[PDB]
């Protein structure tokens, strides 16, 4: 048997709408990540999807068939148990152009990524480009490009697009990233992709002694009908631990906290609570480390956590010092053009009084520009943000023709 452990790495799955991201995750994990009503109705990912799998290798078999996702080597002709390598997880992003803020929020949780490119669609589609650019900006450079749907193109067509893709990455940070052809739908060459994941998306070094920080992407009321008449189960908060570690019974706080009234004005009150339970997937643990999306059980009134109320928050230890800022200063750079549009228009300089959208960690916030300089802006936010380190990446978006468009990035200065 394989050990039961948390995932140790998060692999993003990104790319243009319907190119096959969710089907790819299903091919690897057996899981269909879409679980919301609207997602099932539209056949499209809307919220961040999530799935885990164990990875092992059959030492008696040849690669890539030696790589397996369950404790059996029967697939490559061996009765031996495969050697366990690690448990991995996938962050399945929405690829729709209007959902970029959600993709960006998930990118903050990625240790590496797969860019899925459909072989039977013109290359490069708008969100093939946009997600590629966003990965580079956020620094998710451990990338595999997957050429999907090769089952419905000729070999000649596949090779032609392959050349296209290599030329696209030529002269970029991604010049040497591998391109792996698969059919997610028919599970062809998935073993090569597993081998690729092991080679190119290694588990990164972690800093377990740094102040614990979890970025929140979900929060739940897990109380359900038909269960016993005791007091309500506490609110559950979901996200990814980006540094340090958390343990059951630890005093924690949620930042910025709860929107409340104080002295006639809107304020944010840090939410203090204690960790009651820790879960990854269907399994409980006594502590939680970077890697995987974790469910932190708390003693909070479920009304405080219901329906992703705490999305964009962070969790730290109760006594930790973390800046919570209503006004931020960003050392920024602008992209040359708007890559996510079907026609790439030039990016205009940032002007004072503009309302911009800021992606910081898992949070997405609107604010007004109060000051513009050559490499520096100041922004008055509609809601404060937790800034847990001195040089955190932010992505800057502007509303252009009714859509939020990524136009730049920078560092939040504290």
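Numbering follows the first chain given and starts at 1.
Set 34-42 against 351-359 and average the Cα temperature factors; 34-42 ends up higher. Judged by mean Cα B factor in the deposited record, 324-332 ranks above the other of 324-332 and 168-176. Which of 199, 111, 191, 80 has the largest Cα B-factor in the deposited entry comes down to 80.
Across the residues 127, 309, 102, 183, the deposited record lists the maximum Cα B factor for 309.
Residue 86: CA B factor in the lowest third of modelled residues in this chain (values from the PDB entry).
The entry lists a Cα temperature factor for residue 408 that places it in the middle third of the chain's modelled residues. The entry lists a Cα temperature factor for residue 364 that places it in the lowest third of the chain's modelled residues. Residue 391: CA B factor in the highest third of modelled residues in this chain (values from the PDB entry).
The entry lists a Cα temperature factor for residue 28 that places it in the lowest third of the chain's modelled residues.
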